[PDB]
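J.: Below are the structure tokens for one structure; questions will follow.
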Amino acid sequence: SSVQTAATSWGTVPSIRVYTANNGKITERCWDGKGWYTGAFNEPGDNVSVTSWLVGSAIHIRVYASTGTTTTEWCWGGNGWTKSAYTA
Amino acid sequence: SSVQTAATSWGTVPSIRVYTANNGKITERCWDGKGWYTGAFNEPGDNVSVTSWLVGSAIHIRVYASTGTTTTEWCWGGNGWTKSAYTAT
Amino acid sequence: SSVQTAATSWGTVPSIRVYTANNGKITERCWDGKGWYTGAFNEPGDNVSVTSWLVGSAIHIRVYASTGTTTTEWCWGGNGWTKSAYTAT
Ligand SMILES: C[C@@H]1O[C@@H](O[C@H]2[C@H](O[C@@H]3[C@@H](O)[C@H](O)CO[C@@H]3O)O[C@H](CO)[C@H](O)[C@@H]2O)[C@@H](O)[C@H](O)[C@@H]1O
Ligand SMILES: C[C@@H]1O[C@@H](O[C@H]2[C@H](O[C@@H]3[C@@H](O)[C@H](O)CO[C@@H]3O)O[C@H](CO)[C@H](O)[C@@H]2O)[C@@H](O)[C@H](O)[C@@H]1O
Ligand SMILES: C[C@@H]1O[C@@H](O[C@H]2[C@H](O[C@@H]3[C@@H](O)[C@H](O)CO[C@@H]3O)O[C@H](CO)[C@H](O)[C@@H]2O)[C@@H](O)[C@H](O)[C@@H]1O
Ligand SMILES: C[C@@H]1O[C@@H](O)[C@@H](O)[C@H](O)[C@@H]1O
Ligand SMILES: C[C@@H]1O[C@@H](O)[C@@H](O)[C@H](O)[C@@H]1O
Ligand SMILES: C[C@@H]1O[C@@H](O)[C@@H](O)[C@H](O)[C@@H]1O
């Protein structure tokens, strides 16, 4: 068995976010040009994927966290992480 | 066990496509700014990844669907999904 | 069981790189507009993800290769692949 990761990046610095599903929990490591740090994202899941887009200089991120057949969408728009009503 | 997903997005609306491998079948959920809907993509696979690029406002998508060691490339270019001749190795 | 892939792309040609974890080894298939070929990337891993960004016309790629709880970051910036000091948590 191994952990399962997902990655996204933006700009040219770059900024990078790496998500890791490990024993039913997803955590986040972050690079903004000056070291890797532990990010605010921490939610349940056995599987993770991610996508992101910029609106001007502001990053928007969607993290799809799945356990069993249930997928939860987590949303970042600059002010914290919230789960949406997204339902597979 | 759990399902396995892959996601891609484009533009600033944005549009998002989320692919889910579940019991050997990959399906697709779609967002173009006005609700989530079930997409046209439905193909066999135990594993899925995706990438996409824009040419102007036209989206192009490649979905890599795997079973065993066999990886099949599915292509969207505005007018349906088609399997390419892509092979692993 | 099945292989596990990750994909990235850039520009409008486009270029595409597909990474596959297969029996503890990750390999790479490449498209630059003129056929699929086996890429330089070949490293151990049971799981792979990837991201890339352009700086002008130069592609930069990070591949995250995991075995157990150990994740290795492999870096391409035009001159070959090297591992960084990236350590999970
Ligand atoms: C996208 C977001 O990134 C981190 O959020 C932290 C936020 O970090 C960033 C900032 O340092 C960077 O240079 C550019 O933008 C980002 O938003 O910074 C604030 C403090 O200003 C907090 O530390 C945020 O946690 C992650 O922690 C988030 O989970 C998310 O990935
Ligand atoms: C990329 C494509 O998206 C869906 O295709 C549907 C298509 O949707 C899109 C459109 O509504 C959007 O605003 C921009 O581009 C797309 O083409 O719209 C037609 C009706 O106009 C059908 O609904 C298509 O199914 C998915 O269903 C496809 O699988 C694919 O992801
Ligand atoms: C990004 C890189 O791509 C391959 O590297 C090969 C390199 O390929 C590219 C070139 O042919 C293309 O038109 C645009 O840029 C790329 O860098 O070409 C050199 C010799 O010219 C070698 O063939 C490199 O191997 C992969 O092999 C790398 O692993 C990586 O994905
Ligand atoms: C881009 C969209 O952002 C919000 O409206 C979310 O609630 C949606 O589920 C989608 O991710
Ligand atoms: C970008 C390229 O598009 C088509 O030519 C496909 O047949 C290739 O396999 C590749 O995806
Ligand atoms: C963008 C950064 O590039 C190098 O500095 C690496 O050592 C980092 O881990 C990161 O990927």
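Only the coordinates and a few stated rules stand behind these numbers; no lab work does. Cβ atoms come from the backbone with ideal geometry, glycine included; neighbour counts cover every protein chain shown.
J.: Give me the compactness ratio for the protein assembly as shown, meaning the Cα radius of gyration over 2.2 N^0.38 Å.
T.: 0.92
J.: Can you tell me which of B:40, B:21, B:65 moves the most in a GNM of chain B? Springs connect C-alpha atoms under 10 Å apart.
T.: B:40
J.: Got a sec to turn the phi values of segment A:46-54 into Karplus ³J(HN,Hα) couplings, 6.51 cos²θ - 1.76 cosθ + 1.60 with θ = phi - 60°, whole Hz, x for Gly and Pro?
T.: My calculation for segment A:46-54 gives 8, 8, 9, 9, 8, 9, 8, 8, 9 Hz in order.
J.: Over the alpha carbons of chain A, what is the largest minus smallest coordinate on each principal axis, giving the biggest first in Å?
T.: Sorted largest first, the three principal extents are 36, 30, 17 Å.
J.: So, one more: Residues of segment C:23-57 with amide nitrogen under 13 Å from the 7 Å Cα-to-Cβ point of residue C:82?
T.: Taking a point 7 Å out along Cα→Cβ of residue C:82, no residue of segment C:23-57 has its backbone N under 13 Å.
J.: Then there's this: Mind checking which of A:38, A:12, A:70 has the largest fluctuation in a GNM of chain A, springs on alpha carbons under 10 Å?
T.: A:12
J.: Under a Cβ-Cβ cut-off of 9 Å, what is the net charge of the residues other than residue B:75 that fall near it, where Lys and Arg count +1 and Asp and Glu count -1?
T.: It works out to a net charge of +1.
J.: Pick out, in residue order, every one of the trypsin sites (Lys or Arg not before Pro) in segment A:3-66 that is DSSP loop and has at most 11 other C-beta atoms within 10 Å; say none if there are none.
T.: A:34
J.: If you don't mind, there's one more thing I want to ask. Residue A:23: net charge of surrounding residues, Cβ under 14 Å, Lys/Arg +1, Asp/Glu -1, itself excluded?
T.: -1
J.: How large is ³J(HN,Hα), in whole Hz, for each residue of segment B:68-75 in order, when computed from phi with the Karplus curve 6.51 cos²θ - 1.76 cosθ + 1.60 and θ = phi - 60°, using x for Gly and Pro?
T.: x, 9, 9, 10, 10, 9, 10, 10
J.: Could you give the nm distance between label points at residue A:58 and residue A:34, where each point is 7 Å from its Cα heading toward the beta carbon?
T.: Result for the modelled spin labels: 2.3 nm.
J.: Using the Cα atoms as the points, what is the convex hull volume per residue of chain C in Å³?
T.: It is 100 Å³ per residue.
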